[PDB]
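Student: Sharing a structure with you now.
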There are 6 protein chains.
Amino acid sequence: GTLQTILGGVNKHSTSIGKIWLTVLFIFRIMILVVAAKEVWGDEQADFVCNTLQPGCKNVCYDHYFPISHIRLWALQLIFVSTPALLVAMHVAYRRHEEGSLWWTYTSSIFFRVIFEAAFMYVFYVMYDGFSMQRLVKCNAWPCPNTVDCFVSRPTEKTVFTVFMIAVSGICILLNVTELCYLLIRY
Amino acid sequence: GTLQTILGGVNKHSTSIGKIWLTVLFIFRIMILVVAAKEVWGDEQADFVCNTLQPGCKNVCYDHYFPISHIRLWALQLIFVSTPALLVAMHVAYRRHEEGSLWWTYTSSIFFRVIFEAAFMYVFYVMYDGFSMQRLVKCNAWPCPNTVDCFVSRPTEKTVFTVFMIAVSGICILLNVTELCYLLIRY
Amino acid sequence: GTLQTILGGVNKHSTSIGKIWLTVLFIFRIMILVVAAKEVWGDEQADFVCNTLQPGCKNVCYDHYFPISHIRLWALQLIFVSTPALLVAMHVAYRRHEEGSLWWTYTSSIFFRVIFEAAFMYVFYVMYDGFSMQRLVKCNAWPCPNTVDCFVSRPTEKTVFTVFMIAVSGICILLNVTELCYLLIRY
Amino acid sequence: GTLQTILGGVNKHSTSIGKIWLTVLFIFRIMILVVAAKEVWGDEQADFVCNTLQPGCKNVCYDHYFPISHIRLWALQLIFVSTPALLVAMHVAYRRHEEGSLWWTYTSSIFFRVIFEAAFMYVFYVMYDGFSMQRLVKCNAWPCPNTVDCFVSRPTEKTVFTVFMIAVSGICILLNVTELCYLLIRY
Amino acid sequence: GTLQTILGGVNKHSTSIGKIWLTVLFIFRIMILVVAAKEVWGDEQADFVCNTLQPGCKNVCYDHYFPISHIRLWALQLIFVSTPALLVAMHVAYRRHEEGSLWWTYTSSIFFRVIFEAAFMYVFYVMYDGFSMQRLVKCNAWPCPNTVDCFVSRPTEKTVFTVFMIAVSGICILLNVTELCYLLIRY
Amino acid sequence: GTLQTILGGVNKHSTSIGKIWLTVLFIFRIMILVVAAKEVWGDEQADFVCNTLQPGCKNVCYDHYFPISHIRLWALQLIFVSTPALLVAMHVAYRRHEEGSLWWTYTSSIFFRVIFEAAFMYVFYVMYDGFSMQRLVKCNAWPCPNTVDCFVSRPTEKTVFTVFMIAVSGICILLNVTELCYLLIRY
């Protein structure tokens with residue numbers, strides 16, 4: 001919509017790295033998620049195919065291997081890492097409407113961003129066991145009889161976007177560490 | 001659309017907690033509901049599967065176990081808890097166009113928000129019997145013969161978003177209580 | 001879109017009840033209709049199921065029991081009850097561009113709103129025979145042989161939204177009567 | 001979008017009837033077409049059902065009885081009757097950028113509107129043979145063998161909106177005639 | 001969106017015909033393409049029906065008779081004929097930021113518009129062999145065995161919009177020729 | 001949305017070629033991608049047809065021949081080549097908020113655009129083996145038995161848009177080289 005003025009206000013009140021590179025890599029991730037990836041995952045369940053005649057086996061096997069979709073995880077991650085930047089916008093506006101205080105908020109603000117980014121990257125790793133999606137999954141949850149072969153939709157294209165989102169997120173961690181280091185030695 | 005100016009007007013005329021944390025957690029819930037959850041529930045009935053040949057058994061079993069969808073309940077809840085904030089906006093503008101009066105409205109306004117939030121959380125608990133969705137439901141409503149097995153779509157992902165929305169709502173109750181307590185002891 | 005300025009202009013030039021409560025309950029109904037209800041009725045015909053092999057029996061039985069959908073009726077009702085408020089906006093602007101006259105328009109304007117609201121509530125009652133939707137309908141229109149059982153989609157959730165819309169409309173009638181009574185005794 | 005300023009500019013430079021009633025009834029028709037009717041006709045071909053096994057008979061029978069959809073006819077009609085109002089907006093702005101001339105344009109402008117409205121109403125009558133839609137159509141175009149029964153989707157609801165659009169259009173003809181008569185006797 | 005100001009800027013810096021009639025007929029074509037025609041072609045391949053059991057015959061026969069859809073051709077045509085008008089907007093703004101020059105650009109600008117309009121009309125004629133769409137096409141491309149009958153979706157309605165778009169385009173050619181002739185004799 | 005002001009700000013601070021031709025060819029590509037091409041690729045997997053009875057063979061053969069869709073590749077390319085233009089907008093605004101420096105940024109900025117455009121064109125060539133899409137693909141990945149024939153949806157129309165996007169991109173490379181050459185000889 002009119003997001004230009006929102007980030008425009010957030011654009012000020014930041015250092016060299018904070019003003020430029022963090023905000024660029026952030027709208028970078030939103031664009032990838034919105035204009036490209038969301039239609040890769042559009043038919044994730046409609047094109048899941050299992051080799052069986054058992055009613056209900058398809059529902060339980062899809063639910064077992066994809067407890068939460070990748071794009072829903074990324075959407076949550078962006079919301080979490082964008083709130084601490086939004087808090088200082090209101091907190092500063094609150095204090096300007098009517099160094100140490102603004103220092104502690106700002107230093108804390110970038111400290112949460114590192115925590116959230118590392119947390120979600122960890123969840124991606126354990127939940128999906130690496131960053132590569134397989135063509136074939138074997139499922140033996142009830143009511144599937146014995147073990148059933150099921151086939152994933154578009155596994156290669158989903159791997160490409162997964163690697164891309166992880167790499168950009170890994171960079172944003174490094175930038176946030178350095179800006180912390182600049183203030184740390186400054187004392 | 002242009003929601004920035006609406007909440008911007010609502011942003012003023014509030015205390016420290018009211019200005020910042022309540023409004024942040026509120027747009028937090030709207031974002032979760034809009035950008036993420038609404039497509040989790042998109043195929044709730046299209047992917048409901050029952051193990052039967054009886055015509056019409058699928059319609060009555062879905063209707064029996066989901067009398068109203070989760071996302072419709074959350075949409076109603078947000079509308080209810082946002083009106084009392086909107087009433088004071090017009091009521092104040094009405095009184096400014098032409099302490100005690102504004103006190104009683106404001107104290108009452110936050111009193112309704114606690115009532116609505118507690119009411120909807122109660123409905124969630126009794127209607128759905130806890131906050132965890134099951135893979136399998138057993139149904140014996142007419143015309144289903146004897147008891148029929150039916151299978152839910154995406155039960156695990158729906159559980160994740162249910163726990164998330166309940167937790168955020170539970171926090172908003174605590175914040176509203178404290179702001180009431182601050183005024184209560186102030187007398 | 002940019003509806004804030006439209007109702008903002010309509011917000012002025014009204015009494016205490018007219019400025020606040022009528023306009024709040026009005027955008028209340030629009031929100032319920034738009035963000036929640038329109039996807040409850042999305043699959044009204046696609047999930048209508050009849051127990052027969054006769055080609056064309058499904059089309060005629062759906063058409064017989066739902067001559068016009070509930071959401072289309074509500075959409076028409078909102079359009080009708082919002083025009084008399086829009087007429088005075090242009091009529092006043094026409095008279096201000098170049099008491100009794102403005103009195104008669106305003107008193108008439110609220111008189112039509114009562115008429116339309118009562119009319120549509122009456123149509124809801126006779127056309128659908130109460131405000132509760134049934135799970136099963138029996139149909140014997142040609143070409144269905146003898147009597148055929150057909151099953152409605154999501155009957156319970158549609159009942160909840162029907163009761164909600166009727167109740168809010170019933171309140172708007174009471175508010176309009178009182179504002180008429182205030183002017184009536186004023187003479 | 002931002003249609004308020006467009007019609008706002010068109011709102012001026014008109015007489016009592018032209019300023020108010022014509023423009024009100026015009027946006028009235030647009031609202032009916034947009035917010036209500038366009039989803040009545042959404043499944044016009046997907047739910048057309050024919051009692052046959054002949055491949056291709058459904059395509060030719062739908063095309064034979066609905067040479068052009070009702071909503072496409074109404075969309076064309078609104079575009080045609082709105083251009084002459086838009087022409088004077090540019091023509092006047094052209095003459096103001098750098099009585100008789102403006103008289104002849106204005107009198108002609110309302111003369112075309114009567115012609116277009118009467119023309120489209122005539123097409124509706126002959127093409128569809130009255131304003132009532134039937135449940136059953138019989139079709140014998142090649143390749144259908146002998147005569148085939150086909151069934152229309154939502155015939156009753158489409159009849160309601162057809163009568164509504166014809167009635168509003170018939171009123172707009174009467175208003176345009178009277179404004180012509182006022183100028184005619186004025187000489 | 002906010003197209004009013006774009007064409008508003010383009011509205012100036014043109015002659016009598018160029019200011020009024022060309023720009024009116026241009027937004028005329030955009031409206032027809034957007035609000036009406038794009039849903040006529042929505043199911044062009046989903047409702048293409050072939051009388052065969054050969055897998056893949058439907059894909060190759062649709063691709064053979066519709067190498068590029070009509071609406072995609074019209075969308076390209078509008079983009080091409082609108083760029084030369086946009087070039088002078090930037091070129092003039094470039095020259096005004098810091099007769100013969102502006103003459104040569106303007107005369108050339110209208111010369112390209114005639115070329116593009118005539119080119120696309122020629123492509124329509126040879127590719128589709130006239131402006132009338134047929135109900136039945138016969139196809140013998142591999143892997144279809146012998147010759148297969150296939151049936152087009154909504155052939156009559158597509159013919160109506162094809163004739164309409166060709167006629168409006170043919171008028172825009174005539175207007176551009178005359179404005180060229182006015183400058184030609186002027187010397 | 002409101003993209004006019006964004007590129008309007010980017011419109012300034014550029015040379016003759018940079019201001020006009022690069023930005024025109026850029027929004028040219030966005031329009032082709034958005035309004036035309038995205039619905040050519042809409043049914044890419046739904047209309048992929050394979051001549052087999054083996055469950056899961058369709059999923060693996062589609063994934064093998066289309067590791068990433070063409071429109072997703074183009075969407076990524078536009079995002080990459082538009083960031084370096086956006087970086088200087090913030091970097092300049094950063095330096096103006098509080099020759100050589102601005103020279104090095106600008107010269108570097110156009111140097112990355114050439115790199116990205118050449119890189120993506122290379123990926124298109126090797127991944128899809130030329131710019132022409134075939135009607136028939138032969139697939140022997142497990143679990144398909146022996147070799148299976150599969151048929152692509154709309155191969156000819158996809159070839160037309162592929163050639164169009166490659167040609168426009170090839171021009172943007174040439175323009176960027178020349179602007180580099182103008183500065184190079186200038187020293």
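We label chains A, B, ... in the order they appear in the structure tokens, count residues from 1 in each chain, and number ligands from 1 in the order shown.
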Quick one: which residues from chain D are at most 6 Å off chain C, using only C-alpha atoms, as number ranges by chain?

Tutor: D: 154, 156-157

Student: Report chain A as a PDB file with C-alpha atoms, in the first residue's frame in the frame of chain F, after least-squares superposition over all C-alpha atoms paired in order.

Tutor:
ATOM      1  CA  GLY A   1       0.023   1.136  -5.688  1.00  0.00           C
ATOM      2  CA  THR A   2       1.773   4.506  -5.396  1.00  0.00           C
ATOM      3  CA  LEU A   3       4.857   3.578  -7.420  1.00  0.00           C
ATOM      4  CA  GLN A   4       4.777   6.905  -9.298  1.00  0.00           C
ATOM      5  CA  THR A   5       6.617   8.831  -6.575  1.00  0.00           C
ATOM      6  CA  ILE A   6       9.214   6.099  -5.975  1.00  0.00           C
ATOM      7  CA  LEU A   7      10.487   6.031  -9.554  1.00  0.00           C
ATOM      8  CA  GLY A   8       9.859   9.777  -9.673  1.00  0.00           C
ATOM      9  CA  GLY A   9      12.522  10.195  -7.016  1.00  0.00           C
ATOM     10  CA  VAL A  10      14.723   7.688  -8.839  1.00  0.00           C
ATOM     11  CA  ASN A  11      13.991   9.587 -12.068  1.00  0.00           C
ATOM     12  CA  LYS A  12      16.280  12.456 -11.070  1.00  0.00           C
ATOM     13  CA  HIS A  13      20.024  12.120 -10.403  1.00  0.00           C
ATOM     14  CA  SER A  14      20.818  10.329 -13.664  1.00  0.00           C
ATOM     15  CA  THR A  15      22.237  11.051 -17.110  1.00  0.00           C
ATOM     16  CA  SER A  16      20.384  11.244 -20.433  1.00  0.00           C
ATOM     17  CA  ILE A  17      20.294   7.489 -21.028  1.00  0.00           C
ATOM     18  CA  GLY A  18      19.934   6.631 -17.356  1.00  0.00           C
ATOM     19  CA  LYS A  19      17.016   8.977 -16.753  1.00  0.00           C
ATOM     20  CA  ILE A  20      14.972   7.991 -19.774  1.00  0.00           C
ATOM     21  CA  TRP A  21      15.682   4.768 -21.592  1.00  0.00           C
ATOM     22  CA  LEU A  22      16.738   2.504 -18.730  1.00  0.00           C
ATOM     23  CA  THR A  23      13.746   3.411 -16.585  1.00  0.00           C
ATOM     24  CA  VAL A  24      11.355   3.099 -19.519  1.00  0.00           C
ATOM     25  CA  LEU A  25      12.591  -0.365 -20.474  1.00  0.00           C
ATOM     26  CA  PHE A  26      12.420  -1.359 -16.818  1.00  0.00           C
ATOM     27  CA  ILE A  27       8.761  -0.574 -16.177  1.00  0.00           C
ATOM     28  CA  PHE A  28       8.267  -2.109 -19.614  1.00  0.00           C
ATOM     29  CA  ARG A  29       9.425  -5.477 -18.278  1.00  0.00           C
ATOM     30  CA  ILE A  30       7.334  -5.198 -15.117  1.00  0.00           C
ATOM     31  CA  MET A  31       4.180  -4.568 -17.136  1.00  0.00           C
ATOM     32  CA  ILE A  32       4.801  -7.576 -19.380  1.00  0.00           C
ATOM     33  CA  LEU A  33       5.429  -9.787 -16.366  1.00  0.00           C
ATOM     34  CA  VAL A  34       2.431  -8.567 -14.377  1.00  0.00           C
ATOM     35  CA  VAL A  35      -0.448  -7.866 -16.718  1.00  0.00           C
ATOM     36  CA  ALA A  36       0.246 -10.507 -19.363  1.00  0.00           C
ATOM     37  CA  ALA A  37       2.619 -13.352 -18.587  1.00  0.00           C
ATOM     38  CA  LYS A  38       1.617 -14.428 -15.084  1.00  0.00           C
ATOM     39  CA  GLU A  39      -1.611 -16.071 -16.299  1.00  0.00           C
ATOM     40  CA  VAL A  40       0.138 -17.871 -19.145  1.00  0.00           C
ATOM     41  CA  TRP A  41       2.007 -19.879 -16.501  1.00  0.00           C
ATOM     42  CA  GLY A  42      -1.004 -20.241 -14.212  1.00  0.00           C
ATOM     43  CA  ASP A  43      -1.823 -23.853 -15.091  1.00  0.00           C
ATOM     44  CA  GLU A  44       1.727 -25.057 -15.727  1.00  0.00           C
ATOM     45  CA  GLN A  45       1.386 -28.149 -13.546  1.00  0.00           C
ATOM     46  CA  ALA A  46      -2.387 -28.635 -13.588  1.00  0.00           C
ATOM     47  CA  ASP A  47      -2.324 -29.198 -17.370  1.00  0.00           C
ATOM     48  CA  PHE A  48       0.883 -31.231 -17.529  1.00  0.00           C
ATOM     49  CA  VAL A  49      -0.248 -34.601 -18.918  1.00  0.00           C
ATOM     50  CA  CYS A  50       1.687 -37.875 -18.859  1.00  0.00           C
ATOM     51  CA  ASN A  51       0.767 -41.117 -20.640  1.00  0.00           C
ATOM     52  CA  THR A  52       1.001 -43.559 -17.747  1.00  0.00           C
ATOM     53  CA  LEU A  53      -0.826 -45.225 -14.869  1.00  0.00           C
ATOM     54  CA  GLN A  54       2.057 -45.025 -12.400  1.00  0.00           C
ATOM     55  CA  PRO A  55       1.199 -42.962  -9.293  1.00  0.00           C
ATOM     56  CA  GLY A  56       3.698 -40.189  -8.706  1.00  0.00           C
ATOM     57  CA  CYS A  57       5.279 -40.225 -12.163  1.00  0.00           C
ATOM     58  CA  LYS A  58       3.654 -36.907 -13.048  1.00  0.00           C
ATOM     59  CA  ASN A  59       5.116 -35.154  -9.992  1.00  0.00           C
ATOM     60  CA  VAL A  60       8.686 -36.253 -10.616  1.00  0.00           C
ATOM     61  CA  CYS A  61       8.666 -35.572 -14.358  1.00  0.00           C
ATOM     62  CA  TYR A  62       7.330 -32.050 -13.950  1.00  0.00           C
ATOM     63  CA  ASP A  63       9.911 -31.356 -11.253  1.00  0.00           C
ATOM     64  CA  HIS A  64      12.717 -32.748 -13.402  1.00  0.00           C
ATOM     65  CA  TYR A  65      12.072 -30.601 -16.473  1.00  0.00           C
ATOM     66  CA  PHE A  66      11.034 -27.384 -14.703  1.00  0.00           C
ATOM     67  CA  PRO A  67      13.321 -27.053 -11.684  1.00  0.00           C
ATOM     68  CA  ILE A  68      12.192 -23.438 -11.376  1.00  0.00           C
ATOM     69  CA  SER A  69       9.443 -21.719 -13.332  1.00  0.00           C
ATOM     70  CA  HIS A  70      10.260 -19.036 -15.886  1.00  0.00           C
ATOM     71  CA  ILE A  71       8.179 -16.359 -14.183  1.00  0.00           C
ATOM     72  CA  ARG A  72       9.877 -16.988 -10.845  1.00  0.00           C
ATOM     73  CA  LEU A  73      13.255 -16.548 -12.528  1.00  0.00           C
ATOM     74  CA  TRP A  74      12.174 -13.254 -14.076  1.00  0.00           C
ATOM     75  CA  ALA A  75      10.771 -12.012 -10.774  1.00  0.00           C
ATOM     76  CA  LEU A  76      14.102 -12.667  -9.066  1.00  0.00           C
ATOM     77  CA  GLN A  77      15.994 -10.938 -11.868  1.00  0.00           C
ATOM     78  CA  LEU A  78      13.996  -7.719 -11.588  1.00  0.00           C
ATOM     79  CA  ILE A  79      14.498  -7.614  -7.824  1.00  0.00           C
ATOM     80  CA  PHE A  80      18.260  -8.012  -8.169  1.00  0.00           C
ATOM     81  CA  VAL A  81      18.772  -5.392 -10.889  1.00  0.00           C
ATOM     82  CA  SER A  82      16.623  -2.845  -9.062  1.00  0.00           C
ATOM     83  CA  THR A  83      18.417  -2.886  -5.698  1.00  0.00           C
ATOM     84  CA  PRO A  84      21.620  -1.040  -6.757  1.00  0.00           C
ATOM     85  CA  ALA A  85      19.461   1.822  -8.006  1.00  0.00           C
ATOM     86  CA  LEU A  86      17.654   1.814  -4.663  1.00  0.00           C
ATOM     87  CA  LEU A  87      20.891   1.771  -2.657  1.00  0.00           C
ATOM     88  CA  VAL A  88      22.140   5.076  -4.056  1.00  0.00           C
ATOM     89  CA  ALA A  89      18.754   6.628  -3.267  1.00  0.00           C
ATOM     90  CA  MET A  90      19.241   5.915   0.435  1.00  0.00           C
ATOM     91  CA  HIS A  91      23.005   6.486   0.375  1.00  0.00           C
ATOM     92  CA  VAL A  92      22.577   9.919  -1.220  1.00  0.00           C
ATOM     93  CA  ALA A  93      19.707  10.766   1.132  1.00  0.00           C
ATOM     94  CA  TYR A  94      21.957   9.667   3.997  1.00  0.00           C
ATOM     95  CA  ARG A  95      24.730  11.993   2.801  1.00  0.00           C
ATOM     96  CA  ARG A  96      22.292  14.869   2.185  1.00  0.00           C
ATOM     97  CA  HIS A  97      20.442  14.487   5.497  1.00  0.00           C
ATOM     98  CA  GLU A  98      23.390  15.432   7.716  1.00  0.00           C
ATOM     99  CA  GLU A  99      32.426  14.219  -6.647  1.00  0.00           C
ATOM    100  CA  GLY A 100      34.649  11.191  -6.160  1.00  0.00           C
ATOM    101  CA  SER A 101      32.451   9.475  -3.583  1.00  0.00           C
ATOM    102  CA  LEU A 102      29.291   9.915  -5.646  1.00  0.00           C
ATOM    103  CA  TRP A 103      31.250   8.996  -8.772  1.00  0.00           C
ATOM    104  CA  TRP A 104      32.468   5.673  -7.390  1.00  0.00           C
ATOM    105  CA  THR A 105      29.029   4.678  -6.124  1.00  0.00           C
ATOM    106  CA  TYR A 106      27.336   5.545  -9.413  1.00  0.00           C
ATOM    107  CA  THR A 107      29.954   3.848 -11.582  1.00  0.00           C
ATOM    108  CA  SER A 108      29.822   0.758  -9.379  1.00  0.00           C
ATOM    109  CA  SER A 109      26.017   0.836  -9.344  1.00  0.00           C
ATOM    110  CA  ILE A 110      25.762   0.423 -13.107  1.00  0.00           C
ATOM    111  CA  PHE A 111      28.523  -2.175 -13.004  1.00  0.00           C
ATOM    112  CA  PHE A 112      26.467  -4.577 -10.905  1.00  0.00           C
ATOM    113  CA  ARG A 113      23.445  -4.239 -13.192  1.00  0.00           C
ATOM    114  CA  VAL A 114      25.463  -5.590 -16.111  1.00  0.00           C
ATOM    115  CA  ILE A 115      26.655  -8.510 -13.989  1.00  0.00           C
ATOM    116  CA  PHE A 116      23.197  -9.571 -12.829  1.00  0.00           C
ATOM    117  CA  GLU A 117      21.597  -9.258 -16.264  1.00  0.00           C
ATOM    118  CA  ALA A 118      24.308 -11.359 -17.884  1.00  0.00           C
ATOM    119  CA  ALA A 119      24.137 -13.935 -15.092  1.00  0.00           C
ATOM    120  CA  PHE A 120      20.400 -14.572 -15.348  1.00  0.00           C
ATOM    121  CA  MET A 121      20.526 -14.755 -19.141  1.00  0.00           C
ATOM    122  CA  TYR A 122      23.190 -17.426 -18.777  1.00  0.00           C
ATOM    123  CA  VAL A 123      21.044 -19.429 -16.349  1.00  0.00           C
ATOM    124  CA  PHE A 124      18.125 -19.300 -18.775  1.00  0.00           C
ATOM    125  CA  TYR A 125      20.288 -20.749 -21.517  1.00  0.00           C
ATOM    126  CA  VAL A 126      21.837 -23.719 -19.724  1.00  0.00           C
ATOM    127  CA  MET A 127      18.861 -24.678 -17.562  1.00  0.00           C
ATOM    128  CA  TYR A 128      16.357 -24.735 -20.413  1.00  0.00           C
ATOM    129  CA  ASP A 129      18.719 -25.435 -23.339  1.00  0.00           C
ATOM    130  CA  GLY A 130      17.823 -22.549 -25.598  1.00  0.00           C
ATOM    131  CA  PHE A 131      14.825 -20.268 -25.663  1.00  0.00           C
ATOM    132  CA  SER A 132      12.273 -22.565 -27.335  1.00  0.00           C
ATOM    133  CA  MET A 133       9.874 -24.742 -25.354  1.00  0.00           C
ATOM    134  CA  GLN A 134       8.991 -28.189 -26.671  1.00  0.00           C
ATOM    135  CA  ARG A 135       5.600 -29.859 -26.906  1.00  0.00           C
ATOM    136  CA  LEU A 136       6.844 -33.269 -25.765  1.00  0.00           C
ATOM    137  CA  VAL A 137       9.301 -34.295 -23.057  1.00  0.00           C
ATOM    138  CA  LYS A 138      10.526 -37.833 -22.382  1.00  0.00           C
ATOM    139  CA  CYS A 139      11.140 -38.761 -18.767  1.00  0.00           C
ATOM    140  CA  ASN A 140      12.726 -41.809 -17.145  1.00  0.00           C
ATOM    141  CA  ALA A 141      13.181 -40.788 -13.507  1.00  0.00           C
ATOM    142  CA  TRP A 142      12.051 -43.223 -10.842  1.00  0.00           C
ATOM    143  CA  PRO A 143       9.232 -44.312 -10.361  1.00  0.00           C
ATOM    144  CA  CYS A 144       8.316 -43.907 -14.024  1.00  0.00           C
ATOM    145  CA  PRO A 145       8.685 -47.279 -15.798  1.00  0.00           C
ATOM    146  CA  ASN A 146      11.038 -47.248 -18.807  1.00  0.00           C
ATOM    147  CA  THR A 147      10.456 -43.890 -20.584  1.00  0.00           C
ATOM    148  CA  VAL A 148       7.198 -41.932 -20.384  1.00  0.00           C
ATOM    149  CA  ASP A 149       5.772 -39.321 -22.766  1.00  0.00           C
ATOM    150  CA  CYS A 150       4.576 -36.100 -21.133  1.00  0.00           C
ATOM    151  CA  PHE A 151       3.007 -33.034 -22.748  1.00  0.00           C
ATOM    152  CA  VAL A 152       3.556 -29.370 -21.897  1.00  0.00           C
ATOM    153  CA  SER A 153       0.804 -26.758 -21.591  1.00  0.00           C
ATOM    154  CA  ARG A 154       0.813 -23.793 -24.003  1.00  0.00           C
ATOM    155  CA  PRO A 155       4.352 -24.270 -25.370  1.00  0.00           C
ATOM    156  CA  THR A 156       4.028 -21.758 -28.223  1.00  0.00           C
ATOM    157  CA  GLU A 157       2.746 -18.843 -26.154  1.00  0.00           C
ATOM    158  CA  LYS A 158       5.477 -19.388 -23.573  1.00  0.00           C
ATOM    159  CA  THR A 159       8.086 -19.266 -26.336  1.00  0.00           C
ATOM    160  CA  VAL A 160       6.774 -15.891 -27.508  1.00  0.00           C
ATOM    161  CA  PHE A 161       7.084 -14.303 -24.073  1.00  0.00           C
ATOM    162  CA  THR A 162      10.484 -15.881 -23.484  1.00  0.00           C
ATOM    163  CA  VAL A 163      11.894 -14.355 -26.667  1.00  0.00           C
ATOM    164  CA  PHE A 164      10.354 -11.011 -25.759  1.00  0.00           C
ATOM    165  CA  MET A 165      11.869 -10.889 -22.269  1.00  0.00           C
ATOM    166  CA  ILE A 166      15.302 -11.999 -23.479  1.00  0.00           C
ATOM    167  CA  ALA A 167      15.361  -9.354 -26.209  1.00  0.00           C
ATOM    168  CA  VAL A 168      14.451  -6.498 -23.868  1.00  0.00           C
ATOM    169  CA  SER A 169      17.043  -7.673 -21.354  1.00  0.00           C
ATOM    170  CA  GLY A 170      19.662  -7.845 -24.094  1.00  0.00           C
ATOM    171  CA  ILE A 171      18.967  -4.217 -24.942  1.00  0.00           C
ATOM    172  CA  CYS A 172      19.333  -3.103 -21.323  1.00  0.00           C
ATOM    173  CA  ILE A 173      22.812  -4.631 -21.331  1.00  0.00           C
ATOM    174  CA  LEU A 174      23.806  -2.560 -24.358  1.00  0.00           C
ATOM    175  CA  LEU A 175      22.506   0.683 -22.871  1.00  0.00           C
ATOM    176  CA  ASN A 176      24.411   0.107 -19.635  1.00  0.00           C
ATOM    177  CA  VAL A 177      27.631  -0.559 -21.545  1.00  0.00           C
ATOM    178  CA  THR A 178      27.382   2.698 -23.490  1.00  0.00           C
ATOM    179  CA  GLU A 179      26.766   4.844 -20.417  1.00  0.00           C
ATOM    180  CA  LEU A 180      29.841   3.206 -18.921  1.00  0.00           C
ATOM    181  CA  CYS A 181      31.785   4.034 -22.086  1.00  0.00           C
ATOM    182  CA  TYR A 182      30.736   7.689 -21.936  1.00  0.00           C
ATOM    183  CA  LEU A 183      32.188   8.015 -18.443  1.00  0.00           C
ATOM    184  CA  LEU A 184      35.227   5.902 -19.323  1.00  0.00           C
ATOM    185  CA  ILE A 185      36.509   8.162 -22.098  1.00  0.00           C
ATOM    186  CA  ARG A 186      35.541  11.228 -20.054  1.00  0.00           C
ATOM    187  CA  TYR A 187      38.059  10.246 -17.355  1.00  0.00           C
TER     188      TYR A 187
END

Student: Enumerate as a ChimeraX atom specification all residues of chain E assigned to strand (DSSP E or B) by DSSP on the backbone, naming them with the chain letters and numbers the document uses.

Tutor: /E:49-50,136-139,148-151

Student: Would you save the residues of that selection, restricted to C-alpha atoms, as a CSV table (one decimal), in the first residue's frame?

Tutor:
chain,number,residue,atom,x,y,z
E,49,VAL,CA,-13.2,-30.0,-25.4
E,50,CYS,CA,-11.9,-32.6,-27.8
E,136,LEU,CA,-15.5,-26.3,-34.3
E,137,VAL,CA,-11.9,-26.8,-35.2
E,138,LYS,CA,-10.4,-29.9,-36.8
E,139,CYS,CA,-6.9,-30.9,-35.7
E,148,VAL,CA,-10.0,-34.9,-34.2
E,149,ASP,CA,-13.0,-32.6,-33.6
E,150,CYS,CA,-12.5,-30.0,-30.9
E,151,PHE,CA,-14.9,-27.4,-29.6

Student: With DSSP run on the backbone, what are the alpha helix (DSSP H) residues within region 77-147 of chain F? I'd like them as a PyMOL selection string.

Tutor: chain F and resi 77-97+100-128
